[PDB]
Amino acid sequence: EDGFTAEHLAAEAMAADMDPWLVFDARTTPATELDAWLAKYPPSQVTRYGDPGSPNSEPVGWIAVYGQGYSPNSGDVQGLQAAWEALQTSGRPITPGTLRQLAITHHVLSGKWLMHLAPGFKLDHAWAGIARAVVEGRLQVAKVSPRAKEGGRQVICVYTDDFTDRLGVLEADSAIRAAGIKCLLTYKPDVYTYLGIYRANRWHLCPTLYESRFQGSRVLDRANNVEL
């Protein structure tokens, strides 16, 4: 009856985000609808809380598009979320090198290319384009956060499965650029966000792995400072 209490079960049900998600699934839904979908639910319009005048009268966690195939695999955070603990509680040397090996020691290989665009055409046209890619099969999944009351360049994260593979990372970078995105891209592996690697890190570990600037595309390795 313990955790079965109202107070306990209440805190036990809390999650990062409890709001629904605006999703276009290529699996269940072909590529003849995306068109109206993109026009029916733009990120500059779709609001985080479902504000009046929005295509959503209710909070929307994300705006997501899934292509043909998207195993919900996060690897095996279990052991990983244990190995990280065993290391810290040892004074062991924590470096981008040990975390890299960590993600490999648990087959949790997937990261995300992030970018933040100013609300409006840049975001809407970039996202639209990006979501026009997904449905075709060149990317696995991509999302874009809805506007937030006091504006602010919203988010657009692109996903690839296997960061250790710079080649697969670049093809995604390639797709993003082909969509005409001139913004800066920064790749962040799930291990980082998972094992909690904020920006005010006391362990001098950057939350970014790779970066990319328009030209063309200048892709860097912020780990050993090397140009791909």
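All residue numbers are counted from 1 along the displayed sequence.
The stretch of deposited sequence separating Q215 from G216 contains 4 to 9 residues lacking coordinates in this entry. Per the PDB record, of the two stretches 57 to 65 and 29 to 37, 29 to 37 carries the greater mean B-factor over its C-alpha atoms.
Taking only CA atoms, the mean B-factor in the PDB entry is higher for 190 to 198 than for the other of 190 to 198 and 46 to 54.
Within the group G111, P146, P93, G129, the record's highest C-alpha temperature factor is found at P93. Among the modelled residues of its chain, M18 has a C-alpha B-factor that falls in the lowest third according to the deposited record. Among all modelled residues in this chain, the alpha-carbon of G120 has a temperature factor (C-alpha) in the lowest third. When the CA B factors of the chain's modelled residues are split into thirds, the value for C157 lands in the lowest one. Remark: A86 belongs to the highest third of its chain, ranked by C-alpha B-factor as recorded. In the deposited entry, the Cα temperature factor of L139 places it in the middle third of its chain's modelled residues.
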